[PDB]
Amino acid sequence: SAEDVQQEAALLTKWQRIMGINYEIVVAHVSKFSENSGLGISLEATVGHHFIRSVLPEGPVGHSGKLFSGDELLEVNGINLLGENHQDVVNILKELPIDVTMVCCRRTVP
């Protein structure tokens, strides 16, 4: 618990220092249902940014409960996604193992 908690806190802290105060950072621990299947999300993108378009309630990301449509993808299992090109993001997500730690963000207000 302590090890896990401080590791998750460090991830949050890393990406807070990268994105700044206008973003809420979220860490999700996701388990895929099989090696040969996916995350249960559709994506949309702009140049240098990738977003969750939809979360299927029945899929792995939906089962985590932490991520919502509109969230921006930042990092998965320590691999950077922010500012990468479309092909690299898609290929990185496809190659993920069963257990995935996803870092995302959403714009926020105080």
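In case it trips you up, residue 1 is the first one in the sequence shown, and so on.
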Problem set entry | Stretch with the higher entry mean CA B-factor, where the candidates are 81-89 and 28-36 | 28-36
Exercise. Based on the entry's values, in what third of the chain does the Cα temperature factor of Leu96 lie: lowest, middle or highest?
Worked result: highest
For this session: Place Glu44 in the lowest, middle or highest third of its chain's C-alpha B-factors, as listed in the PDB entry.
Result: middle
Exercise. So where's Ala9 on the chain's Cα temperature factor ranking, which third?
Worked result: highest
